[PDB]
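Source file model39.cif; content: mmCIF, N, CA, C and O atoms.
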```
data_start
#
loop_
_atom_site.label_atom_id
_atom_site.label_comp_id
_atom_site.auth_asym_id
_atom_site.auth_seq_id
_atom_site.Cartn_x
_atom_site.Cartn_y
_atom_site.Cartn_z
N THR Y 152 6.23 17.00 -10.93
CA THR Y 152 6.50 16.67 -9.53
C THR Y 152 7.59 15.59 -9.43
O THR Y 152 8.64 15.71 -10.06
N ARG Y 153 7.32 14.53 -8.65
CA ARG Y 153 8.26 13.44 -8.44
C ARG Y 153 8.01 12.30 -9.42
O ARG Y 153 6.90 11.75 -9.47
N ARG Y 154 9.05 11.90 -10.13
CA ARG Y 154 8.89 10.99 -11.25
C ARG Y 154 8.60 9.57 -10.81
O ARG Y 154 9.27 9.03 -9.91
N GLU Y 155 7.60 8.96 -11.43
CA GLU Y 155 7.37 7.53 -11.38
C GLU Y 155 7.34 6.98 -12.79
O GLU Y 155 6.82 7.62 -13.71
N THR Y 156 7.86 5.77 -12.92
CA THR Y 156 8.08 5.14 -14.21
C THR Y 156 7.39 3.77 -14.22
O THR Y 156 7.27 3.11 -13.18
N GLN Y 157 6.90 3.37 -15.40
CA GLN Y 157 6.22 2.10 -15.55
C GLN Y 157 7.16 1.04 -16.12
O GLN Y 157 7.95 1.32 -17.02
N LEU Y 158 7.05 -0.18 -15.61
CA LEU Y 158 7.87 -1.30 -16.09
C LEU Y 158 7.01 -2.51 -16.48
O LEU Y 158 5.90 -2.63 -15.94
N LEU F 515 10.34 -10.17 5.18
CA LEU F 515 10.76 -10.09 3.78
C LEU F 515 10.37 -11.32 2.96
O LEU F 515 10.50 -12.46 3.39
N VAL F 516 9.90 -11.05 1.75
CA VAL F 516 9.36 -12.08 0.87
C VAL F 516 9.96 -11.89 -0.51
O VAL F 516 9.96 -10.78 -1.05
N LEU F 517 10.46 -12.98 -1.08
CA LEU F 517 11.13 -12.95 -2.37
C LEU F 517 10.10 -13.19 -3.46
O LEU F 517 9.19 -14.00 -3.27
N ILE F 518 10.24 -12.50 -4.60
CA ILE F 518 9.31 -12.64 -5.71
C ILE F 518 10.06 -12.63 -7.04
O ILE F 518 10.73 -11.65 -7.38
N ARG F 519 9.88 -13.71 -7.82
CA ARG F 519 10.42 -13.87 -9.16
C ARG F 519 9.29 -13.86 -10.17
O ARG F 519 8.15 -14.24 -9.87
N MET F 520 9.63 -13.48 -11.40
CA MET F 520 8.69 -13.38 -12.50
C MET F 520 9.47 -13.17 -13.79
O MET F 520 10.70 -13.05 -13.79
N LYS F 521 8.73 -13.12 -14.89
CA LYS F 521 9.26 -13.07 -16.24
C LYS F 521 8.42 -12.12 -17.07
O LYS F 521 7.21 -11.99 -16.85
N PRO F 522 9.03 -11.42 -18.03
CA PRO F 522 8.29 -10.40 -18.74
C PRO F 522 7.40 -11.01 -19.81
O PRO F 522 7.63 -12.13 -20.29
N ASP F 523 6.35 -10.28 -20.16
CA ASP F 523 5.50 -10.68 -21.27
C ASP F 523 6.28 -10.59 -22.58
O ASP F 523 7.45 -10.21 -22.63
N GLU F 524 5.58 -10.95 -23.66
CA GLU F 524 6.25 -11.08 -24.95
C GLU F 524 6.86 -9.76 -25.39
O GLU F 524 7.92 -9.75 -26.04
N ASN F 525 6.24 -8.65 -25.02
CA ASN F 525 6.82 -7.32 -25.19
C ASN F 525 7.83 -6.97 -24.10
O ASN F 525 8.12 -5.78 -23.90
N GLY F 526 8.34 -7.95 -23.37
CA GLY F 526 9.42 -7.72 -22.43
C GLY F 526 9.02 -6.85 -21.26
O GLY F 526 9.87 -6.44 -20.46
N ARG F 527 7.73 -6.58 -21.13
CA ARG F 527 7.25 -5.73 -20.05
C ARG F 527 6.74 -6.58 -18.89
O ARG F 527 6.52 -7.79 -19.01
N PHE F 528 6.57 -5.93 -17.74
CA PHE F 528 6.13 -6.61 -16.52
C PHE F 528 4.80 -6.14 -15.97
O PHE F 528 4.04 -6.96 -15.46
N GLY F 529 4.51 -4.85 -15.97
CA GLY F 529 3.20 -4.40 -15.57
C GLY F 529 3.10 -3.87 -14.16
O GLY F 529 2.10 -4.09 -13.46
N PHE F 530 4.12 -3.16 -13.74
CA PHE F 530 4.09 -2.46 -12.47
C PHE F 530 4.89 -1.18 -12.60
O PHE F 530 5.73 -1.05 -13.50
N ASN F 531 4.60 -0.23 -11.72
CA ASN F 531 5.18 1.11 -11.73
C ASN F 531 5.90 1.37 -10.42
O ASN F 531 5.44 0.93 -9.36
N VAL F 532 6.99 2.12 -10.48
CA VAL F 532 7.82 2.39 -9.31
C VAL F 532 7.95 3.89 -9.10
O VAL F 532 7.61 4.69 -9.97
N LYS F 533 8.49 4.26 -7.95
CA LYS F 533 8.74 5.65 -7.61
C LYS F 533 9.78 5.68 -6.51
O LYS F 533 10.02 4.68 -5.83
N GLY F 534 10.40 6.84 -6.34
CA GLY F 534 11.43 6.99 -5.33
C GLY F 534 12.83 6.82 -5.89
O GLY F 534 13.05 6.74 -7.10
N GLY F 535 13.78 6.75 -4.98
CA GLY F 535 15.17 6.55 -5.34
C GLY F 535 16.05 7.37 -4.43
O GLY F 535 15.58 7.97 -3.47
N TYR F 536 17.33 7.38 -4.75
CA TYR F 536 18.24 8.24 -4.00
C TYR F 536 18.00 9.70 -4.32
O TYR F 536 18.17 10.57 -3.45
N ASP F 537 17.58 9.98 -5.54
CA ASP F 537 17.33 11.33 -6.00
C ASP F 537 16.02 11.88 -5.47
O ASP F 537 15.94 13.06 -5.10
N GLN F 538 14.97 11.07 -5.45
CA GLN F 538 13.70 11.49 -4.88
C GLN F 538 13.67 11.35 -3.37
O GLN F 538 12.65 11.68 -2.75
N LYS F 539 14.76 10.85 -2.78
CA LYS F 539 14.87 10.67 -1.33
C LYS F 539 13.72 9.83 -0.79
O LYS F 539 13.36 9.90 0.38
N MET F 540 13.14 9.02 -1.66
CA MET F 540 12.07 8.13 -1.29
C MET F 540 12.54 6.70 -1.45
O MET F 540 13.20 6.37 -2.43
N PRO F 541 12.22 5.82 -0.50
CA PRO F 541 12.49 4.39 -0.72
C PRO F 541 11.88 3.97 -2.04
O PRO F 541 11.05 4.67 -2.62
N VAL F 542 12.28 2.81 -2.53
CA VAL F 542 11.72 2.47 -3.82
C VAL F 542 10.53 1.54 -3.57
O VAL F 542 10.69 0.44 -3.03
N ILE F 543 9.33 2.03 -3.90
CA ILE F 543 8.07 1.35 -3.65
C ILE F 543 7.34 1.08 -4.96
O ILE F 543 7.46 1.82 -5.94
N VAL F 544 6.57 -0.02 -4.97
CA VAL F 544 5.60 -0.33 -6.03
C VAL F 544 4.48 0.70 -6.03
O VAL F 544 3.78 0.88 -5.03
N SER F 545 4.26 1.34 -7.18
CA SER F 545 3.30 2.42 -7.32
C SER F 545 1.93 1.95 -7.81
O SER F 545 0.91 2.46 -7.35
N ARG F 546 1.89 0.98 -8.73
CA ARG F 546 0.63 0.37 -9.13
C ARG F 546 0.90 -0.95 -9.85
O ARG F 546 1.90 -1.07 -10.56
N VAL F 547 0.04 -1.94 -9.64
CA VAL F 547 0.17 -3.25 -10.28
C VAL F 547 -1.00 -3.37 -11.25
O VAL F 547 -2.12 -3.67 -10.84
N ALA F 548 -0.75 -3.13 -12.53
CA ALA F 548 -1.81 -3.30 -13.51
C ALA F 548 -2.31 -4.73 -13.46
O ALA F 548 -1.51 -5.66 -13.34
N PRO F 549 -3.62 -4.95 -13.49
CA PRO F 549 -4.13 -6.32 -13.50
C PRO F 549 -3.86 -7.02 -14.82
O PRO F 549 -3.79 -6.40 -15.89
N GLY F 550 -3.72 -8.34 -14.74
CA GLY F 550 -3.44 -9.18 -15.88
C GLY F 550 -1.97 -9.31 -16.20
O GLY F 550 -1.58 -10.22 -16.94
N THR F 551 -1.15 -8.44 -15.66
CA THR F 551 0.26 -8.45 -15.93
C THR F 551 0.95 -9.59 -15.17
O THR F 551 0.36 -10.19 -14.28
N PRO F 552 2.21 -9.91 -15.51
CA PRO F 552 2.95 -10.87 -14.67
C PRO F 552 2.99 -10.48 -13.20
O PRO F 552 2.65 -11.28 -12.33
N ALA F 553 3.40 -9.24 -12.91
CA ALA F 553 3.57 -8.79 -11.54
C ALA F 553 2.29 -8.89 -10.72
O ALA F 553 2.38 -8.97 -9.49
N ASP F 554 1.10 -8.87 -11.36
CA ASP F 554 -0.18 -9.13 -10.69
C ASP F 554 -0.36 -10.61 -10.37
O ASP F 554 -1.10 -10.94 -9.43
N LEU F 555 0.30 -11.52 -11.09
CA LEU F 555 -0.09 -12.92 -11.07
C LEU F 555 1.06 -13.84 -10.66
O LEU F 555 1.11 -14.99 -11.09
N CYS F 556 1.97 -13.36 -9.82
CA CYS F 556 3.08 -14.18 -9.37
C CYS F 556 2.84 -14.62 -7.93
O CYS F 556 2.08 -14.00 -7.19
N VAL F 557 3.47 -15.72 -7.55
CA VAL F 557 3.38 -16.12 -6.16
C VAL F 557 4.79 -16.22 -5.62
O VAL F 557 5.63 -16.88 -6.22
N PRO F 558 5.07 -15.54 -4.50
CA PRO F 558 4.15 -14.61 -3.83
C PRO F 558 3.90 -13.39 -4.68
O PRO F 558 4.74 -13.05 -5.50
N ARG F 559 2.76 -12.75 -4.48
CA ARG F 559 2.28 -11.73 -5.40
C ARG F 559 2.75 -10.34 -5.02
O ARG F 559 2.67 -9.93 -3.86
N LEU F 560 3.25 -9.63 -6.03
CA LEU F 560 3.58 -8.23 -5.89
C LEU F 560 2.33 -7.43 -5.61
O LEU F 560 1.23 -7.81 -6.01
N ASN F 561 2.50 -6.34 -4.89
CA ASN F 561 1.38 -5.52 -4.48
C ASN F 561 1.87 -4.10 -4.40
O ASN F 561 3.08 -3.84 -4.46
N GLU F 562 0.94 -3.16 -4.32
CA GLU F 562 1.32 -1.77 -4.23
C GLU F 562 1.79 -1.47 -2.82
O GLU F 562 1.19 -1.92 -1.84
N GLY F 563 2.87 -0.72 -2.72
CA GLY F 563 3.39 -0.34 -1.43
C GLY F 563 4.51 -1.20 -0.90
O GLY F 563 5.16 -0.80 0.07
N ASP F 564 4.74 -2.37 -1.47
CA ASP F 564 5.91 -3.13 -1.11
C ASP F 564 7.14 -2.28 -1.37
O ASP F 564 7.21 -1.55 -2.37
N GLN F 565 8.08 -2.33 -0.43
CA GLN F 565 9.40 -1.73 -0.59
C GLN F 565 10.34 -2.79 -1.13
O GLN F 565 10.41 -3.89 -0.57
N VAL F 566 11.03 -2.46 -2.22
CA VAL F 566 12.05 -3.32 -2.82
C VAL F 566 13.42 -3.03 -2.21
O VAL F 566 13.76 -1.88 -1.92
N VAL F 567 14.19 -4.08 -1.98
CA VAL F 567 15.52 -3.95 -1.40
C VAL F 567 16.60 -4.35 -2.39
O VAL F 567 17.67 -3.74 -2.44
N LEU F 568 16.32 -5.37 -3.21
CA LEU F 568 17.27 -5.98 -4.11
C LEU F 568 16.59 -6.31 -5.42
O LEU F 568 15.40 -6.61 -5.47
N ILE F 569 17.39 -6.32 -6.47
CA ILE F 569 16.94 -6.66 -7.81
C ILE F 569 18.03 -7.54 -8.38
O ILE F 569 19.17 -7.09 -8.56
N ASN F 570 17.71 -8.80 -8.65
CA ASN F 570 18.70 -9.75 -9.16
C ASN F 570 19.89 -9.87 -8.22
O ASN F 570 20.97 -10.30 -8.64
N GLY F 571 19.70 -9.48 -6.96
CA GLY F 571 20.76 -9.55 -5.98
C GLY F 571 21.65 -8.34 -5.99
O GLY F 571 22.88 -8.47 -6.09
N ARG F 572 21.06 -7.15 -5.90
CA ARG F 572 21.86 -5.93 -5.83
C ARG F 572 21.23 -4.96 -4.85
O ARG F 572 20.07 -4.59 -5.00
N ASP F 573 21.99 -4.53 -3.85
CA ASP F 573 21.49 -3.53 -2.90
C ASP F 573 21.43 -2.19 -3.60
O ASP F 573 22.45 -1.70 -4.11
N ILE F 574 20.25 -1.59 -3.64
CA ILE F 574 20.01 -0.36 -4.37
C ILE F 574 19.78 0.82 -3.43
O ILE F 574 19.30 1.87 -3.85
N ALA F 575 20.10 0.64 -2.14
CA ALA F 575 19.86 1.67 -1.14
C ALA F 575 20.38 3.04 -1.58
O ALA F 575 19.78 4.07 -1.26
N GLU F 576 21.48 3.07 -2.31
CA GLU F 576 22.12 4.33 -2.66
C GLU F 576 22.06 4.62 -4.16
O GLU F 576 22.89 5.37 -4.67
N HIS F 577 21.08 4.07 -4.86
CA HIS F 577 21.00 4.26 -6.30
C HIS F 577 19.86 5.20 -6.66
O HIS F 577 18.96 5.45 -5.85
N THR F 578 19.92 5.74 -7.88
CA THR F 578 18.97 6.75 -8.31
C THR F 578 17.80 6.11 -9.03
O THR F 578 17.72 4.90 -9.22
N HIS F 579 16.90 6.98 -9.48
CA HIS F 579 15.68 6.54 -10.14
C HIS F 579 15.99 5.95 -11.51
O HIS F 579 15.64 4.80 -11.79
N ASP F 580 16.66 6.71 -12.37
CA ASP F 580 16.98 6.19 -13.69
C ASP F 580 17.88 4.98 -13.59
O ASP F 580 17.82 4.09 -14.44
N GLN F 581 18.68 4.90 -12.53
CA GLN F 581 19.64 3.81 -12.39
C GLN F 581 18.95 2.49 -12.08
O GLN F 581 19.20 1.48 -12.74
N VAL F 582 18.10 2.49 -11.06
CA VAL F 582 17.27 1.33 -10.78
C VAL F 582 16.52 0.90 -12.03
O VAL F 582 16.56 -0.27 -12.43
N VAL F 583 15.79 1.84 -12.62
CA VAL F 583 15.00 1.56 -13.82
C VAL F 583 15.84 0.84 -14.86
O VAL F 583 15.38 -0.12 -15.50
N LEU F 584 17.08 1.27 -15.05
CA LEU F 584 17.96 0.54 -15.93
C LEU F 584 18.28 -0.85 -15.39
O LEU F 584 18.50 -1.78 -16.17
N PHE F 585 18.31 -1.02 -14.07
CA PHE F 585 18.62 -2.34 -13.51
C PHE F 585 17.57 -3.37 -13.92
O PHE F 585 17.91 -4.52 -14.23
N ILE F 586 16.30 -2.99 -13.93
CA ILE F 586 15.24 -3.95 -14.18
C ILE F 586 15.24 -4.41 -15.63
O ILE F 586 15.07 -5.60 -15.92
N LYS F 587 15.39 -3.46 -16.56
CA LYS F 587 15.38 -3.73 -17.99
C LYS F 587 16.63 -4.47 -18.46
O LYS F 587 16.68 -4.91 -19.61
N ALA F 588 17.64 -4.63 -17.60
CA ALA F 588 18.85 -5.33 -18.01
C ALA F 588 18.55 -6.82 -18.07
O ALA F 588 18.87 -7.58 -17.16
N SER F 589 17.96 -7.25 -19.17
CA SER F 589 17.46 -8.61 -19.26
C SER F 589 18.54 -9.69 -19.15
O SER F 589 18.21 -10.86 -19.35
N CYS F 590 19.79 -9.35 -18.80
CA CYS F 590 20.86 -10.35 -18.70
C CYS F 590 21.24 -10.71 -17.27
O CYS F 590 21.86 -11.76 -17.06
N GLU F 591 20.94 -9.86 -16.30
CA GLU F 591 21.12 -10.27 -14.91
C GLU F 591 20.16 -11.38 -14.51
O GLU F 591 20.26 -11.90 -13.40
N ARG F 592 19.23 -11.75 -15.38
CA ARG F 592 18.16 -12.66 -15.02
C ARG F 592 18.65 -14.09 -15.23
O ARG F 592 18.87 -14.52 -16.37
N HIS F 593 18.84 -14.82 -14.13
CA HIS F 593 19.12 -16.24 -14.21
C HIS F 593 17.84 -17.01 -14.47
O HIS F 593 16.79 -16.72 -13.89
N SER F 594 17.93 -17.97 -15.39
CA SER F 594 16.78 -18.73 -15.88
C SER F 594 15.82 -17.81 -16.61
O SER F 594 14.75 -18.23 -17.06
N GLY F 595 16.22 -16.55 -16.76
CA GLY F 595 15.42 -15.57 -17.45
C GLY F 595 14.30 -14.98 -16.63
O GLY F 595 13.44 -14.31 -17.20
N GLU F 596 14.27 -15.22 -15.32
CA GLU F 596 13.30 -14.58 -14.44
C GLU F 596 13.94 -13.46 -13.64
O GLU F 596 15.12 -13.52 -13.28
N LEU F 597 13.14 -12.43 -13.36
CA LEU F 597 13.58 -11.24 -12.63
C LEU F 597 13.32 -11.46 -11.15
O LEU F 597 12.17 -11.55 -10.72
N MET F 598 14.39 -11.52 -10.36
CA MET F 598 14.23 -11.74 -8.93
C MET F 598 14.17 -10.41 -8.18
O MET F 598 14.97 -9.51 -8.41
N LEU F 599 13.19 -10.31 -7.29
CA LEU F 599 12.93 -9.10 -6.51
C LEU F 599 12.76 -9.47 -5.06
O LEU F 599 12.05 -10.43 -4.74
N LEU F 600 13.37 -8.71 -4.17
CA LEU F 600 13.13 -8.88 -2.75
C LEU F 600 12.47 -7.63 -2.22
O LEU F 600 13.00 -6.53 -2.40
N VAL F 601 11.32 -7.80 -1.56
CA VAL F 601 10.53 -6.68 -1.07
C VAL F 601 10.18 -6.84 0.40
O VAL F 601 10.24 -7.93 0.97
N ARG F 602 9.81 -5.71 1.01
CA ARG F 602 9.42 -5.63 2.41
C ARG F 602 8.03 -4.99 2.47
O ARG F 602 7.91 -3.75 2.44
N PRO F 603 6.96 -5.79 2.54
CA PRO F 603 5.62 -5.20 2.52
C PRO F 603 5.31 -4.43 3.80
O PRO F 603 5.43 -5.03 4.87
#
```
Just dump the structure as C-alpha cells.
Amino acid sequence: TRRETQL
Amino acid sequence: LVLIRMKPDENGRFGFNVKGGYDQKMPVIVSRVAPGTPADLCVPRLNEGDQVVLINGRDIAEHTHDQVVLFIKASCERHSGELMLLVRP
C-alpha cells in the first residue's frame, strides 16, 4: 500500500 | 505551531515513524511514537498525528517520501547536533 518508514 | 528539537540515541535513531509526501499526496505526519525513544520524551513532546512543516529549517511541502527520509538522517544539518522539527498538531 502506502509506504511508511521508521526513524 | 510548536517547535521540537531532539537528538538521536547511540544507534543514531530517534523512535518515530512517518508517512506521506509529495508522492503519496499525503501531508507528512507522525505515524507512531515508540515509547522510551527520544521523540517520546522531548519537550514539547512529539505525538502521533502532528504535521511536520520544516526539518532543520527546510520547507518540504513539495518533497517526496524518500527525500524527506534522507533529510532527517543527514546528521550534518543538525546545529548543536540536535534535530529541529516544526509541527502543526
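Minimum distance to chain Y across F:555, F:583, F:516, F:566 (counting only N, CA, C and O atoms) occurs at F:583.
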- DSSP-assigned strand (DSSP E) among chain F, expressed as a count of residues only: 30
- Task: Please provide as a PyMOL selection string all residues within 7 Å of residue 157 of chain Y, with the sequence filter that same-chain residues fewer than 2 positions apart are discarded (counting only C-alpha atoms).
- Result: (chain Y and resi 155) or (chain F and resi 530-532)
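Taking atom N of residue 594 of chain F and atom O of residue 578 of chain F as endpoints, the distance between them is 23.7 Å.
The space between atom O of residue 536 of chain F and atom N of residue 597 of chain F spans 25.5 Å.
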For residue 603 of chain F, please output as an mmCIF file with N, CA, C and O atoms, keeping the file's coordinate frame all residues within 12 Å (counting only C-alpha atoms; exclusion window: fewer than 6 positions along the same chain).
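Now in result32.cif:
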```
data_model
loop_
_atom_site.group_PDB
_atom_site.id
_atom_site.type_symbol
_atom_site.label_atom_id
_atom_site.label_comp_id
_atom_site.auth_asym_id
_atom_site.auth_seq_id
_atom_site.Cartn_x
_atom_site.Cartn_y
_atom_site.Cartn_z
ATOM 1 N N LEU F 515 10.340 -10.170 5.180
ATOM 2 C CA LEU F 515 10.760 -10.090 3.780
ATOM 3 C C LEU F 515 10.370 -11.320 2.960
ATOM 4 O O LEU F 515 10.500 -12.460 3.390
ATOM 5 N N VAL F 516 9.900 -11.050 1.750
ATOM 6 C CA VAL F 516 9.360 -12.080 0.870
ATOM 7 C C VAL F 516 9.960 -11.890 -0.510
ATOM 8 O O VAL F 516 9.960 -10.780 -1.050
ATOM 9 N N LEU F 517 10.460 -12.980 -1.080
ATOM 10 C CA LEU F 517 11.130 -12.950 -2.370
ATOM 11 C C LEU F 517 10.100 -13.190 -3.460
ATOM 12 O O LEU F 517 9.190 -14.000 -3.270
ATOM 13 N N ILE F 518 10.240 -12.500 -4.600
ATOM 14 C CA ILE F 518 9.310 -12.640 -5.710
ATOM 15 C C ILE F 518 10.060 -12.630 -7.040
ATOM 16 O O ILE F 518 10.730 -11.650 -7.380
ATOM 17 N N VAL F 542 12.280 2.810 -2.530
ATOM 18 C CA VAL F 542 11.720 2.470 -3.820
ATOM 19 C C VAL F 542 10.530 1.540 -3.570
ATOM 20 O O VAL F 542 10.690 0.440 -3.030
ATOM 21 N N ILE F 543 9.330 2.030 -3.900
ATOM 22 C CA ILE F 543 8.070 1.350 -3.650
ATOM 23 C C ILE F 543 7.340 1.080 -4.960
ATOM 24 O O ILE F 543 7.460 1.820 -5.940
ATOM 25 N N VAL F 544 6.570 -0.020 -4.970
ATOM 26 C CA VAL F 544 5.600 -0.330 -6.030
ATOM 27 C C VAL F 544 4.480 0.700 -6.030
ATOM 28 O O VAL F 544 3.780 0.880 -5.030
ATOM 29 N N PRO F 558 5.070 -15.540 -4.500
ATOM 30 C CA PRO F 558 4.150 -14.610 -3.830
ATOM 31 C C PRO F 558 3.900 -13.390 -4.680
ATOM 32 O O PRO F 558 4.740 -13.050 -5.500
ATOM 33 N N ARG F 559 2.760 -12.750 -4.480
ATOM 34 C CA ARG F 559 2.280 -11.730 -5.400
ATOM 35 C C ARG F 559 2.750 -10.340 -5.020
ATOM 36 O O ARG F 559 2.670 -9.930 -3.860
ATOM 37 N N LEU F 560 3.250 -9.630 -6.030
ATOM 38 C CA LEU F 560 3.580 -8.230 -5.890
ATOM 39 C C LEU F 560 2.330 -7.430 -5.610
ATOM 40 O O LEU F 560 1.230 -7.810 -6.010
ATOM 41 N N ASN F 561 2.500 -6.340 -4.890
ATOM 42 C CA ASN F 561 1.380 -5.520 -4.480
ATOM 43 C C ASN F 561 1.870 -4.100 -4.400
ATOM 44 O O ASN F 561 3.080 -3.840 -4.460
ATOM 45 N N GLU F 562 0.940 -3.160 -4.320
ATOM 46 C CA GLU F 562 1.320 -1.770 -4.230
ATOM 47 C C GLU F 562 1.790 -1.470 -2.820
ATOM 48 O O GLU F 562 1.190 -1.920 -1.840
ATOM 49 N N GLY F 563 2.870 -0.720 -2.720
ATOM 50 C CA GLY F 563 3.390 -0.340 -1.430
ATOM 51 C C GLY F 563 4.510 -1.200 -0.900
ATOM 52 O O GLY F 563 5.160 -0.800 0.070
ATOM 53 N N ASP F 564 4.740 -2.370 -1.470
ATOM 54 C CA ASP F 564 5.910 -3.130 -1.110
ATOM 55 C C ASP F 564 7.140 -2.280 -1.370
ATOM 56 O O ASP F 564 7.210 -1.550 -2.370
ATOM 57 N N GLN F 565 8.080 -2.330 -0.430
ATOM 58 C CA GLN F 565 9.400 -1.730 -0.590
ATOM 59 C C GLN F 565 10.340 -2.790 -1.130
ATOM 60 O O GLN F 565 10.410 -3.890 -0.570
ATOM 61 N N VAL F 566 11.030 -2.460 -2.220
ATOM 62 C CA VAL F 566 12.050 -3.320 -2.820
ATOM 63 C C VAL F 566 13.420 -3.030 -2.210
ATOM 64 O O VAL F 566 13.760 -1.880 -1.920
ATOM 65 N N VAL F 567 14.190 -4.080 -1.980
ATOM 66 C CA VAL F 567 15.520 -3.950 -1.400
ATOM 67 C C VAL F 567 16.600 -4.350 -2.390
ATOM 68 O O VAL F 567 17.670 -3.740 -2.440
#
```
- Message: Env of residue 154 of chain Y: 7 Å cut, atoms = all atoms listed in the file, seq-sep filter 6 positions within chain, self excluded. Answer as a PyMOL selection string.
- Response: chain F and resi 532-534+579
Work out where the centre of an axis-aligned box around every listed atom of segment 154-158 of chain Y lies and how long its edges are once 8 Å is added on each side; give both in Å to one decimal as lines of an AutoDock Vina configuration file.
```
center_x = 7.6
center_y = 4.6
center_z = -13.5
size_x = 19.4
size_y = 30.5
size_z = 23.1
```
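Atom pair atom CA of residue 539 of chain F / atom CA of residue 553 of chain F: separated by 24.7 Å.
Distances here use only C-alpha atoms; by that measure, the residue among F:572, F:602, F:519, F:527 closest to chain Y is F:527.
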- Task: Point out the residue among F:548, F:520, F:590, F:569 with the least atom-to-atom distance to chain Y, counting only N, CA, C and O atoms.
- Result: F:548
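Each of F:538, F:524, F:549, F:576 was compared to chain Y using all atoms listed in the file, and F:538 turns out to be the nearest.
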- Message: Evaluated on this file, the PyMOL selection byres (((chain F and resi 586 and name CA) around 9) and name CA) picks out some residues - which ones are they, written as a PyMOL selection string?
- Response: (chain Y and resi 158) or (chain F and resi 569-570+582-585+587-589+591+597)
- Item | helix (DSSP H, G or I) residues, from DSSP on the backbone, in chain F, as JSON, numbers by chain | {"F": [579, 580, 581, 582, 583, 584, 585, 586, 587, 593, 594, 595]}
